[PDB]
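This is input_7.cif (mmCIF, C-alpha atoms and all ligand atoms).
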data_entry
#
loop_
_atom_site.label_atom_id
_atom_site.label_comp_id
_atom_site.auth_asym_id
_atom_site.auth_seq_id
_atom_site.Cartn_x
_atom_site.Cartn_y
_atom_site.Cartn_z
CA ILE A 1 65.72 -16.83 37.08
CA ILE A 2 67.91 -14.06 38.40
CA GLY A 3 65.70 -11.17 39.53
CA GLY A 4 62.10 -11.53 38.50
CA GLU A 5 59.18 -11.97 40.86
CA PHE A 6 57.74 -15.08 42.45
CA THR A 7 54.41 -16.08 40.85
CA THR A 8 51.85 -18.90 40.80
CA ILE A 9 50.97 -21.14 37.87
CA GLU A 10 47.73 -19.11 37.24
CA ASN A 11 50.09 -16.66 35.56
CA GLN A 12 51.79 -19.25 33.32
CA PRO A 13 49.21 -21.99 33.03
CA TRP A 14 51.09 -23.63 30.14
CA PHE A 15 54.31 -24.20 32.14
CA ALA A 16 55.12 -27.92 32.66
CA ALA A 17 57.58 -29.17 35.30
CA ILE A 18 59.68 -32.21 34.33
CA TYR A 19 61.30 -34.34 37.03
CA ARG A 20 63.25 -37.61 37.00
CA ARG A 21 62.87 -40.58 39.39
CA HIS A 22 65.91 -42.29 40.94
CA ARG A 23 66.16 -45.94 41.97
CA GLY A 24 66.57 -44.78 45.56
CA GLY A 25 63.31 -42.93 46.29
CA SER A 26 64.06 -39.37 45.19
CA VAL A 27 62.64 -37.39 42.29
CA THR A 28 64.67 -34.33 41.26
CA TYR A 29 63.70 -31.49 38.93
CA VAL A 30 65.16 -31.63 35.44
CA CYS A 31 63.84 -28.85 33.17
CA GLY A 32 60.79 -26.75 32.36
CA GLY A 33 58.57 -27.11 29.29
CA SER A 34 55.35 -25.78 27.77
CA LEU A 35 51.98 -27.43 26.85
CA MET A 36 51.30 -27.08 23.06
CA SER A 37 48.22 -29.31 22.77
CA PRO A 38 46.39 -31.61 25.27
CA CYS A 39 49.00 -34.34 24.93
CA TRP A 40 52.20 -32.60 23.86
CA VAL A 41 54.78 -30.64 25.83
CA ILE A 42 57.81 -29.02 24.17
CA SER A 43 61.13 -28.52 26.01
CA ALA A 44 64.82 -28.73 25.07
CA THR A 45 66.79 -31.80 23.93
CA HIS A 46 69.87 -31.11 26.16
CA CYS A 47 67.65 -31.80 29.18
CA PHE A 48 67.16 -35.47 28.10
CA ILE A 49 70.35 -36.05 26.11
CA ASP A 50 72.24 -37.71 28.96
CA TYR A 51 69.42 -40.00 30.07
CA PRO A 52 66.88 -40.58 27.27
CA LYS A 53 64.91 -43.22 29.29
CA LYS A 54 61.34 -41.74 29.11
CA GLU A 55 59.93 -44.19 31.69
CA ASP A 56 61.97 -42.42 34.40
CA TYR A 57 60.54 -38.91 33.91
CA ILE A 58 57.38 -37.42 35.41
CA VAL A 59 55.64 -34.28 34.13
CA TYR A 60 53.39 -32.15 36.29
CA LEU A 61 51.03 -29.40 35.06
CA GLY A 62 49.37 -26.82 37.37
CA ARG A 63 52.41 -26.66 39.71
CA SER A 64 53.37 -23.41 41.55
CA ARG A 65 55.91 -25.08 43.90
CA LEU A 66 58.81 -27.40 43.18
CA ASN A 67 58.54 -30.22 45.81
CA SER A 68 55.21 -29.49 47.49
CA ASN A 69 51.87 -30.04 45.78
CA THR A 70 49.56 -27.40 44.38
CA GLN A 71 45.85 -28.15 44.28
CA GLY A 72 44.76 -28.74 40.70
CA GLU A 73 48.03 -30.26 39.49
CA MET A 74 48.11 -33.21 37.07
CA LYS A 75 50.86 -35.87 36.88
CA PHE A 76 51.73 -37.63 33.61
CA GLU A 77 54.15 -40.16 32.28
CA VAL A 78 56.02 -39.63 29.03
CA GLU A 79 54.43 -41.89 26.42
CA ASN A 80 56.85 -40.59 23.77
CA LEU A 81 60.10 -38.65 24.05
CA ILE A 82 61.29 -37.12 20.72
CA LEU A 83 64.70 -35.50 20.72
CA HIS A 84 66.01 -33.58 17.68
CA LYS A 85 68.06 -35.46 15.18
CA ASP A 86 70.89 -32.97 14.41
CA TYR A 87 71.05 -31.82 18.05
CA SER A 88 74.69 -30.67 18.63
CA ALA A 89 76.50 -28.93 21.49
CA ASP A 90 79.84 -27.15 21.29
CA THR A 91 81.79 -25.17 23.86
CA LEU A 92 78.68 -23.02 24.59
CA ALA A 93 75.81 -23.40 22.19
CA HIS A 94 73.36 -26.21 21.67
CA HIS A 95 71.95 -26.47 18.11
CA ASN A 96 68.41 -27.74 17.36
CA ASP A 97 67.74 -27.85 21.07
CA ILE A 98 64.04 -28.66 20.99
CA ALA A 99 62.30 -31.84 22.29
CA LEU A 100 58.67 -33.09 22.41
CA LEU A 101 57.14 -35.20 25.19
CA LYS A 102 53.78 -36.86 24.60
CA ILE A 103 52.13 -37.24 28.02
CA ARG A 104 49.68 -39.85 29.33
CA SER A 105 47.93 -39.83 32.70
CA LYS A 106 47.69 -43.09 34.69
CA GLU A 107 44.09 -43.19 33.52
CA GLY A 108 44.99 -42.85 29.84
CA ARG A 109 44.32 -39.16 29.29
CA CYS A 110 46.07 -35.98 28.27
CA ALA A 111 45.79 -32.59 30.00
CA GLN A 112 42.38 -31.15 30.89
CA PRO A 113 41.67 -27.32 30.78
CA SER A 114 41.54 -25.56 34.18
CA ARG A 115 42.45 -22.17 35.69
CA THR A 116 45.96 -23.51 36.24
CA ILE A 117 46.43 -25.54 33.02
CA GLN A 118 46.24 -23.97 29.50
CA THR A 119 48.13 -24.36 26.19
CA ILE A 120 50.34 -21.63 24.72
CA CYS A 121 50.11 -20.65 21.00
CA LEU A 122 52.74 -21.45 18.39
CA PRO A 123 53.92 -18.81 15.92
CA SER A 124 53.29 -19.05 12.23
CA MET A 125 56.14 -20.03 9.88
CA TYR A 126 59.29 -17.95 10.64
CA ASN A 127 57.18 -15.12 12.16
CA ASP A 128 58.76 -13.51 15.26
CA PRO A 129 58.27 -10.24 17.20
CA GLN A 130 60.82 -7.51 16.33
CA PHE A 131 63.85 -6.99 18.51
CA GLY A 132 62.87 -4.63 21.38
CA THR A 133 59.69 -6.58 22.26
CA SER A 134 59.54 -7.45 26.00
CA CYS A 135 58.84 -11.17 26.53
CA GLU A 136 58.53 -13.08 29.80
CA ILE A 137 60.43 -16.15 30.91
CA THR A 138 59.36 -18.38 33.74
CA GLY A 139 60.87 -21.32 35.65
CA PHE A 140 62.31 -22.85 38.83
CA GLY A 141 65.97 -22.36 37.89
CA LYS A 142 68.68 -20.82 40.07
CA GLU A 143 68.31 -17.33 41.46
CA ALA A 144 72.11 -16.72 41.61
CA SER A 145 74.58 -18.72 39.51
CA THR A 146 76.50 -19.75 42.69
CA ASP A 147 73.51 -21.38 44.37
CA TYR A 148 73.35 -25.19 44.25
CA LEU A 149 69.55 -25.51 45.00
CA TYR A 150 66.47 -24.30 43.11
CA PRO A 151 63.71 -22.05 44.57
CA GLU A 152 60.54 -23.72 45.82
CA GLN A 153 58.27 -21.06 44.32
CA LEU A 154 57.90 -20.40 40.62
CA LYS A 155 59.42 -17.16 39.26
CA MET A 156 58.95 -15.02 36.19
CA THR A 157 60.75 -12.00 34.77
CA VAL A 158 60.61 -9.90 31.61
CA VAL A 159 63.47 -9.59 29.16
CA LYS A 160 63.69 -7.90 25.72
CA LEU A 161 64.53 -9.50 22.40
CA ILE A 162 67.78 -8.19 20.86
CA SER A 163 68.81 -8.51 17.16
CA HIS A 164 71.19 -11.15 15.81
CA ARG A 165 73.56 -8.34 14.80
CA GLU A 166 73.91 -7.31 18.49
CA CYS A 167 74.25 -10.85 19.80
CA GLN A 168 76.76 -11.96 17.16
CA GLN A 169 79.11 -9.16 18.00
CA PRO A 170 82.59 -10.57 18.90
CA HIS A 171 82.24 -9.33 22.53
CA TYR A 172 78.89 -11.15 22.85
CA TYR A 173 78.78 -14.70 21.33
CA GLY A 174 80.18 -14.22 17.82
CA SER A 175 78.98 -16.81 15.31
CA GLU A 176 77.98 -19.24 18.06
CA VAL A 177 74.48 -17.76 17.63
CA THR A 178 72.73 -18.83 14.42
CA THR A 179 69.49 -17.77 12.63
CA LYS A 180 67.75 -20.69 14.41
CA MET A 181 68.45 -19.04 17.82
CA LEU A 182 67.15 -15.80 19.46
CA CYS A 183 68.86 -13.72 22.17
CA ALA A 184 67.03 -11.85 24.91
CA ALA A 185 68.56 -9.73 27.70
CA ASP A 186 67.68 -6.96 30.12
CA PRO A 187 69.05 -3.50 29.03
CA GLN A 188 70.78 -3.22 32.38
CA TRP A 189 71.68 -6.96 32.59
CA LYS A 190 69.78 -7.28 35.87
CA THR A 191 67.46 -10.26 35.28
CA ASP A 192 67.92 -13.37 33.07
CA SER A 193 67.17 -17.13 32.79
CA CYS A 194 69.80 -19.47 34.36
CA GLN A 195 70.59 -23.17 35.04
CA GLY A 196 67.39 -25.03 35.90
CA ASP A 197 65.38 -22.79 33.53
CA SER A 198 66.28 -24.82 30.39
CA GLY A 199 63.31 -26.00 28.26
CA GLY A 200 60.95 -23.37 29.55
CA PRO A 201 59.26 -20.70 27.51
CA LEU A 202 60.11 -17.22 26.29
CA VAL A 203 56.56 -15.91 25.66
CA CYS A 204 55.81 -12.74 23.69
CA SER A 205 52.64 -11.38 22.18
CA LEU A 206 52.47 -11.83 18.39
CA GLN A 207 49.53 -10.62 16.37
CA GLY A 208 47.46 -10.48 19.52
CA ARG A 209 48.34 -13.89 21.05
CA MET A 210 50.76 -14.90 23.82
CA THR A 211 53.07 -16.99 21.73
CA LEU A 212 55.92 -19.35 22.69
CA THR A 213 58.67 -17.44 20.83
CA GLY A 214 61.66 -19.25 22.39
CA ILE A 215 62.74 -22.12 24.63
CA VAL A 216 65.48 -21.45 27.22
CA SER A 217 68.61 -23.19 25.77
CA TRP A 218 72.03 -21.71 26.92
CA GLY A 219 73.90 -18.64 28.05
CA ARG A 220 77.34 -17.90 29.48
CA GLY A 221 76.86 -17.31 33.18
CA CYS A 222 73.60 -15.76 34.27
CA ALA A 223 72.77 -12.06 34.06
CA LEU A 224 76.25 -11.32 32.78
CA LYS A 225 76.94 -8.16 30.86
CA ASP A 226 77.04 -8.73 27.08
CA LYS A 227 76.14 -12.38 27.66
CA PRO A 228 72.44 -12.60 26.71
CA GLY A 229 70.33 -15.71 27.19
CA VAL A 230 70.03 -17.68 23.94
CA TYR A 231 66.78 -19.45 23.09
CA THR A 232 65.72 -21.91 20.41
CA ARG A 233 63.78 -19.98 17.68
CA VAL A 234 60.50 -21.92 17.62
CA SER A 235 59.17 -20.17 14.42
CA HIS A 236 61.99 -21.99 12.53
CA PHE A 237 61.12 -25.46 13.83
CA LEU A 238 57.42 -25.48 12.91
CA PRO A 239 57.76 -28.18 10.13
CA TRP A 240 59.58 -30.46 12.60
CA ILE A 241 56.97 -29.91 15.31
CA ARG A 242 54.20 -30.54 12.76
CA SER A 243 55.67 -33.78 11.43
CA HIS A 244 55.51 -35.22 14.97
CA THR A 245 52.29 -33.83 16.49
CA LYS A 246 48.71 -35.01 15.71
CA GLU A 247 45.08 -35.00 17.02
CA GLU A 248 43.86 -33.91 20.47
CA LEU B 9 36.21 -25.09 29.71
CA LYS B 10 38.25 -26.01 26.60
CA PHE B 11 41.78 -24.93 25.80
CA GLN B 12 42.15 -21.46 24.31
CA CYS B 13 45.89 -21.13 23.74
CA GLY B 14 47.59 -18.17 25.36
CA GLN B 15 44.73 -17.38 27.77
CA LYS B 16 45.39 -16.75 31.49
CA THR B 17 42.23 -16.71 33.67
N1 LIG C 1 72.38 -16.72 30.73
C1 LIG C 1 71.35 -17.50 30.51
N2 LIG C 1 70.19 -17.06 30.11
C2 LIG C 1 71.45 -18.87 30.70
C3 LIG C 1 72.41 -19.64 31.33
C4 LIG C 1 72.23 -20.99 31.35
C5 LIG C 1 73.08 -21.94 31.92
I1 LIG C 1 74.87 -21.45 32.92
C6 LIG C 1 72.74 -23.28 31.86
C7 LIG C 1 71.57 -23.70 31.24
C8 LIG C 1 70.72 -22.76 30.67
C9 LIG C 1 71.06 -21.43 30.74
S1 LIG C 1 70.19 -20.02 30.10
#

This structure in structure tokens:
Amino acid sequence: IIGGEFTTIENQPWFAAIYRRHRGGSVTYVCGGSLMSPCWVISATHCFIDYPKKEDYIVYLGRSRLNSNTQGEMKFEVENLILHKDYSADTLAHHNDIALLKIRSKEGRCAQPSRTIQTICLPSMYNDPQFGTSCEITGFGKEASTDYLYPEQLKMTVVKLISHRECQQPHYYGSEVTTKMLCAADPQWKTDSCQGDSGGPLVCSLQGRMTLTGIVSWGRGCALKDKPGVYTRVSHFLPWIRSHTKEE
Amino acid sequence: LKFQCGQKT
């Protein structure tokens, strides 16, 4: 995140950290994600696209730091990895960039409720906040687009939702942005999501609840003028999510 | 206790 503040997981208890193991001894961070129900995490498909081998990923919940432990964290394996059929990427945008990860603990359980682990709410069918609403993004992604490392402490920032008319202007992203995407930026283009923030949540309050309104998907550069961050519009994928999720 | 979506404690 460019700008923002450093925080702890108590402030985003539904944020999940996804890492990948390497036949060498190192685990590296991949993308962020959010807990929907005890056993399901939602992220972005482009994070798995190049290496869809579930057995090599690890998911941690209750994590405030990237490579150091946090007391209260939980580690899970990916029992199921569901990528979107129709996922496409062009010279900028990713389409249907949403993925589901069913998690299992080494003891056979899903996430347990704590002060550092909670689920986030889903919107109702195609229901979104209006442009102008301030939403928060969180993640361990880059703090400057030129850096080549990720921060060790979690960060969060607040951005505002902008309309499709503003984002589809020729000097923004033209028709690369579709009705299944949402754009969010800072009025003064000072803070934004960036590389390493993919898959994590864009949370806004809807009808009283903190709702997962978007998933970090793409953007041209980070915190660039007239180059908003584009997110997957969760309210438009509810049927898809439903057809794959079940029980507790 | 139990999950209450969207709640920070
Ligand atoms: N400007 C942005 N909000 C983003 C930029 C990127 C980039 I560069 C890579 C992956 C994800 C994102 S989001």

Kindly list the centre and edge lengths in Å, rounded to one decimal, for the axis-aligned box that covers all listed atoms of ligand LIG 1 (chain C) plus 6 Å on each of its six sides, as JSON.
{"center_x": 72.5, "center_y": -20.2, "center_z": 31.5, "size_x": 16.7, "size_y": 19.0, "size_z": 14.8}

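Relative to atom CA of residue 80 of chain A, atom CA of residue 21 of chain A is found at 16.7 Å.
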
Once you count all atoms listed in the file, which residues end up within 6 Å of ligand LIG 1 (chain C), and could you hand them over as a PyMOL selection string? chain A and resi 192-195+198+216-223+228-229

At a cut-off of 6 Å, which residues of chain A touch chain B? Count only C-alpha atoms and give the answer as an NGL selection string. :A and (113 or 115 or 118-121 or 210)

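When atom CA of residue 15 of chain A is paired with atom CA of residue 66 of chain A, their separation reads 12.3 Å.
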
When distances are computed from all atoms listed in the file, which of A:92, A:156, A:16, A:61 shows the smallest separation from residue 135 of chain A? A:156

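Distance-wise, atom CA of residue 123 of chain A and atom CA of residue 39 of chain A end up 18.6 Å apart.
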
Selection: 12 Å around residue 109 of chain A, all atoms listed in the file, excl. self and same-chain fewer than 2 positions, as a PDB file with C-alpha atoms, in the coordinates of the input:
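And here's around_11.pdb as it stands now:
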ATOM      1  CA  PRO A  38      46.390 -31.610  25.270  1.00  0.00           C
ATOM      2  CA  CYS A  39      49.000 -34.340  24.930  1.00  0.00           C
ATOM      3  CA  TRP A  40      52.200 -32.600  23.860  1.00  0.00           C
ATOM      4  CA  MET A  74      48.110 -33.210  37.070  1.00  0.00           C
ATOM      5  CA  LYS A  75      50.860 -35.870  36.880  1.00  0.00           C
ATOM      6  CA  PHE A  76      51.730 -37.630  33.610  1.00  0.00           C
ATOM      7  CA  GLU A  77      54.150 -40.160  32.280  1.00  0.00           C
ATOM      8  CA  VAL A  78      56.020 -39.630  29.030  1.00  0.00           C
ATOM      9  CA  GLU A  79      54.430 -41.890  26.420  1.00  0.00           C
ATOM     10  CA  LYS A 102      53.780 -36.860  24.600  1.00  0.00           C
ATOM     11  CA  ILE A 103      52.130 -37.240  28.020  1.00  0.00           C
ATOM     12  CA  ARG A 104      49.680 -39.850  29.330  1.00  0.00           C
ATOM     13  CA  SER A 105      47.930 -39.830  32.700  1.00  0.00           C
ATOM     14  CA  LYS A 106      47.690 -43.090  34.690  1.00  0.00           C
ATOM     15  CA  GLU A 107      44.090 -43.190  33.520  1.00  0.00           C
ATOM     16  CA  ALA A 111      45.790 -32.590  30.000  1.00  0.00           C
ATOM     17  CA  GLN A 112      42.380 -31.150  30.890  1.00  0.00           C
ATOM     18  CA  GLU A 248      43.860 -33.910  20.470  1.00  0.00           C
TER      19      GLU A 248
END
